[PDB]
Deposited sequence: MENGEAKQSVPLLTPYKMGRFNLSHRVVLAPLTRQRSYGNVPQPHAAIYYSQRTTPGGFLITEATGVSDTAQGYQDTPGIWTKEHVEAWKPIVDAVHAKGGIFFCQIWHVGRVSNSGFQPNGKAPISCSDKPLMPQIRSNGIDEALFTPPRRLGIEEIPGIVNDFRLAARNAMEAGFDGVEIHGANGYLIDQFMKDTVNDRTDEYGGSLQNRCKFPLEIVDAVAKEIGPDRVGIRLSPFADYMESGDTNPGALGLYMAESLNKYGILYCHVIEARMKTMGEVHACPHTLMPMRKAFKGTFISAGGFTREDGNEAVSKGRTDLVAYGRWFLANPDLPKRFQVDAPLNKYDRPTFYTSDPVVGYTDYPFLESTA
């Protein structure tokens, strides 16, 4: 009866409902290592046939810009993620690992040898902001990547995709949104390169398309999604022509025949052109209510809807939605704190 709670077939996966766990950075993977507490967390949010996306997961030793976000670039990361994946599988979840590199959204304190964060350009991020006291930028201005270094970062994503499979994930979500490394190349206010990776829409999408290319070759395009936010400007990532960026990307990922395109809504024409252009599954995110999502599903505006904050705060979100029970309030001050339990796995199920 309830459109959000109607099954849906995502390529070769059968989903019981359309209520997806959005990727949610929780900063509790000590030392970039996934922790057994995450096994409880994602397990609590699993339903048979539910689709879950992990928090963003680093592709390399320089992919990090916050403390305690997990990697999947070492054999060690692989082994620690296995029991988390298995717990999700035990309750019948389809579980995709979202893979990112923060690029310029970082500092020397997060980089090996204390070196500069890397980006498509050397454009400094929030220059008005310094750390407590020192006249020193909070976001250590980034090093512009040599074109000789770009294939060996695009390979970093190919390899993280490989290690996701090793850990047993069903698939991978490429984090091409929110002002991080992939979005940095795509956005015209950030990418001012005068080589083949910059200086034009096509040049600017070369990077993401190379990444999609290498991941889908590694693991199969049928296990590959990408997240885009062409309309956002998180971390100074706005585009002067966001409708064009969006359409060119959605159109351009058709060639590759990947599984899904997952897009964050603007401040609300926008998502539709991308949806009609992209032939596979479409996932919409950003400020959905139950009723917003029921409506988007029934009117064919999207196939799935990712909920981030409400799902964070309600381990049984899909059930609650099935029934319209009241939701737990989300406690913002513990989104990003570092306790294994508090504001992480102590949001309650329905009495």
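Trainee: Missing C-alpha stretches, by deposited numbering?
Mentor: 1 to 8, 277 to 286, 370 to 372 are the stretches of the deposited chain that have no C-alpha coordinates in the structure.
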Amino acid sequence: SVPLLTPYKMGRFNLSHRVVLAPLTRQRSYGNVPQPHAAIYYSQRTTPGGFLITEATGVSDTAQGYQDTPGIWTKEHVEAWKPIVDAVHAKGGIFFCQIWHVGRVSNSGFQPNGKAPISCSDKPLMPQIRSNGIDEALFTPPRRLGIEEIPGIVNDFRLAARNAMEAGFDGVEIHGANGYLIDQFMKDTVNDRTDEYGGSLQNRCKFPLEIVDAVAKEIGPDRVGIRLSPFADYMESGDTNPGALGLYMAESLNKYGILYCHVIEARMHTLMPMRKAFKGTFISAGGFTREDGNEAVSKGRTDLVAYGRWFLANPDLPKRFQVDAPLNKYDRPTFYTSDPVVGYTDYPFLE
From here on, numbers count along this sequence of modelled residues.
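Trainee: Decide which of the stretches 290 to 298 and 307 to 315 has the higher mean C-alpha B-factor, going by the entry.
Mentor: Mean CA B-factor is higher for 290 to 298.
Trainee: Between 209 to 217 and 126 to 134, name whichever shows the higher mean Cα B factor according to the PDB entry.
Mentor: Averaging CA B-factors over each stretch, the winner is 126 to 134.
Trainee: Highest Cα temperature factor in the entry, among the options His262, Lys255, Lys82, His175: which one is it?
Mentor: Among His262, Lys255, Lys82, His175, the PDB entry lists the largest C-alpha B-factor for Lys255.
Trainee: Using the temperature factors in the entry, find which of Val323, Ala285, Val59, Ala39 has the highest value at its Cα atom.
Mentor: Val323 has the highest C-alpha B-factor of those listed.
Trainee: Using the temperature factors of the C-alpha atoms in this entry, rank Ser338 within its chain: lowest, middle or highest third.
Mentor: As the PDB entry reports it, the C-alpha B-factor of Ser338 lands in the middle third of its chain.
Trainee: Compare the C-alpha B factor of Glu236 with those of the other modelled residues in its chain, then answer lowest, middle or highest third.
Mentor: As the PDB entry reports it, the C-alpha B-factor of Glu236 lands in the middle third of its chain.
Trainee: Splitting the chain's C-alpha B-factors into thirds, which one does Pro142 fall into?
Mentor: It falls in the middle third of the chain.
Trainee: Among the chain's modelled residues, which third holds the C-alpha B-factor of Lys91?
Mentor: Lowest third - that is where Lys91 ends up once the chain's C-alpha B-factors are sorted.
Trainee: By its CA B factor, does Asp170 count among the lowest, middle or highest third of the modelled residues in the chain?
Mentor: For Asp170, whose C-alpha B-factor we compare with every modelled residue in the chain, the answer is the lowest third.
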